[PDB]
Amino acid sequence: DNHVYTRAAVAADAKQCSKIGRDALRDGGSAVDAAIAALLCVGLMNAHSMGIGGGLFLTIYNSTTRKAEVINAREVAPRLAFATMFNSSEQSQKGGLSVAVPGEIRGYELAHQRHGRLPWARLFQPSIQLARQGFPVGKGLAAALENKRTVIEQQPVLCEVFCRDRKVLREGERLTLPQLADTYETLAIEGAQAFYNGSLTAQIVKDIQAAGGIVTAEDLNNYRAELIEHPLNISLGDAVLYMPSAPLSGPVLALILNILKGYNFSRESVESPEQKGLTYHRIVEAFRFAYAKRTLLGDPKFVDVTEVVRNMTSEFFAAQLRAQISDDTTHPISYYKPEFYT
């Protein structure tokens, strides 16, 4: 194919999951039903990347209302977490202590409640099948599996599904995920509540704590996905761009693009090496200015960022930064005024 479609499209990082999203659309699902169905699949085929143990953000545009919204379903620190809980990168990267409270399923549930057209169980059906039947390991997972071969091969509970004859699966080899298949089935029939306050909850807590974690039933009971009715936007010519604000990187993206829009890039900007080189230099300098301000961002419910974010989405502020970009040189770090306090 060339991947131009008349009516609808799903772009995922595994073919089988794009197809599962497409079939859901074909069966009368909204864009959300499709997204959820495809995401459930990606949690299987790209198990290294994402899944129901993690968290997500959805940016959603409704063509009827012409309104855009964001669903924040990112993990949160457990109630017993504290600033000085880790003393090495090792401690914050491996084991139960490194685990934040998963928001994935609550996020799916809120998105489905607001925009779903298919039954909840229907979104899980093809992934339940896929996880039992198995699938060839794709390019992405294969390379992840190789990158982490040591840690995986020496952890029996991971080797159980990710090894063949005690060696990580290679590209093309069959991966089955039978336990997840059952878990997905429970979720399909009992609903979101099975994870957060239901039949899966005690076992989740037990697994996390047995690995040294501090997530408790209360953490799960209290998790809430959040509807953000007014996401970040910027104006770009005749278009508006909707993206999430802090704690995500919409503000950084907005700043990068507002800086660069003052240069009026076009086809001509990459036509000759003289133009092309200047264009890419300007792009990198915009990255640098945008990342300088990034260090003041954090969860806006805990840190006051309204001013910082206002600056990062302001065109005038962007113009001020653009004017400090030198066409003939990059600069030392201090030149961009990174800030670590206010």
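The numbering used is simple: start at 1 and walk along the sequence shown.
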{"property": "Between the two ranges 215-223 and 154-162, the one averaging a larger CA B factor in the entry", "result": "154-162"}
{"property": "Of 143-151 and 200-208, the one with larger mean CA B-factor", "result": "143-151"}
{"property": "Selection by C-alpha B-factor (highest) of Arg267, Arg122, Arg106, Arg74", "result": "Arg267"}
{"property": "Out of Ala81, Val252, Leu169, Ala194, highest CA B-factor residue", "result": "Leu169"}
{"property": "CA B-factor placement of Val70, once the chain's modelled residues are sorted into thirds", "result": "middle"}
{"property": "Third assignment of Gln91 from its chain's C-alpha B-factors", "result": "highest"}
{"property": "Ranked C-alpha temperature factor of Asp33 among modelled chain residues, by third", "result": "middle"}
{"property": "Record-listed C-alpha B factor of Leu187: chain third", "result": "lowest"}
{"property": "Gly53 - which third its CA temperature factor falls in, relative to the rest of the chain", "result": "lowest"}
